[PDB]
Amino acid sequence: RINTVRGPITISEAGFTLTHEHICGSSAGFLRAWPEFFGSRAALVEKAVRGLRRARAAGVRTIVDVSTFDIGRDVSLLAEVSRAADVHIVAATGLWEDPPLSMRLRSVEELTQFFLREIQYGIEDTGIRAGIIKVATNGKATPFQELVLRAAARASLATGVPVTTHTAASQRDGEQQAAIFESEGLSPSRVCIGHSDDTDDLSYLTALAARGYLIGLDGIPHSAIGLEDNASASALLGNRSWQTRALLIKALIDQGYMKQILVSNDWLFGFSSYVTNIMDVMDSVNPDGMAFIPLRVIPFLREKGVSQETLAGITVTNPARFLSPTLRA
């Protein structure tokens, strides 16, 4: 079994799983302190329920919400939307790139305890346990990010839960990350190196994949084509097309790495940790939201000659093996 925001589910009930998504990309405490930023808490809920229902109609059964503490994860929000949409949501622990002082001053042992708490005991006072550990680098790891990476490995080794990562793909961050994880004795098959579709460097991806890493091609609909006059949207989403990102999926399949691929949208229904209009801009580019993978990417790859079975492997089996907790150390 895998832990979700509504309790444990069996591996087979996870079905078509999006491995890197967010209900709401925010900051710790922010959604409760200033819900009017999002219209209201009720408006965000409804928005997210409609978006998940759209993904569900397109075949999605589970999403992994990789929002950490410092992404302003609100597991009570996740539970409410999961119940109303009847889509499974796996919650995350870990730290992303905006830790407050109370986190940044912590030792590797302290961070370890924090992640274990969220995995073994629960998040806040909800009883909801995390099913994945999320970490981040944006180039060379800061000394604090290193501690975060080792604490994550240590927590993964003790619990069986997988690790997923945020990278600056163009800086090949995956290489440093792997080296740190391997230094802690963590198996590559329990690690997804994320935002790997942000780069066209196939030889970086294939080398990681040959090592047993999972390759997170998780931002397929991220693109500022048509929004070139909007510098903030362009900076965030990139000027590479969704088609270009999607052809990475095909390229890895073609080089023999199907079993190392994970795909997602990296979408959200609210977004406060960037410029004020950004969610509206993103919505105008990709109204399908989280349904983009099933409605757009799958048809595109099928007509390129990727089989239905290969795609079910990537979207159902590959996530099931990743999320299934392995034996404790």
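Numbers for residues come from their place in the sequence shown, where the first is 1.
**Q** Averaged over C-alpha atoms, is the B-factor higher for 297-305 or for 44-52 in this PDB entry?
**A** The stretch with the larger mean CA B-factor is 297-305.
**Q** Tell me which stretch has the larger mean Cα B-factor in this entry, 102-110 or 182-190.
**A** It is 182-190.
**Q** Between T165, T93, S82, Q176, which carries the biggest CA temperature factor in the record?
**A** That would be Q176, according to the entry.
**Q** Pick out which of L78, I71, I220, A235 has the highest C-alpha B-factor in the PDB entry.
**A** If I rank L78, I71, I220, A235 by C-alpha B-factor, first place goes to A235.
**Q** Looking at the entry's B-factor column for C-alpha atoms only, identify whether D280 ranks in the lowest, middle or highest third of its chain.
**A** Highest third.
**Q** By its CA B factor, does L202 count among the lowest, middle or highest third of the modelled residues in the chain?
**A** Top third by C-alpha B-factor.
**Q** Quick check for you: using the entry's CA B-factors within this chain, is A169 in the lowest, middle or highest third?
**A** Highest third, going by the recorded CA B-factors of the chain.
**Q** Split the chain's modelled residues into thirds by Cα B-factor; is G131 in the lowest, middle or highest one?
**A** As the PDB entry reports it, the C-alpha B-factor of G131 lands in the middle third of its chain.
**Q** Place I11 in the lowest, middle or highest third of its chain's C-alpha B-factors, as listed in the PDB entry.
**A** Top third by C-alpha B-factor.
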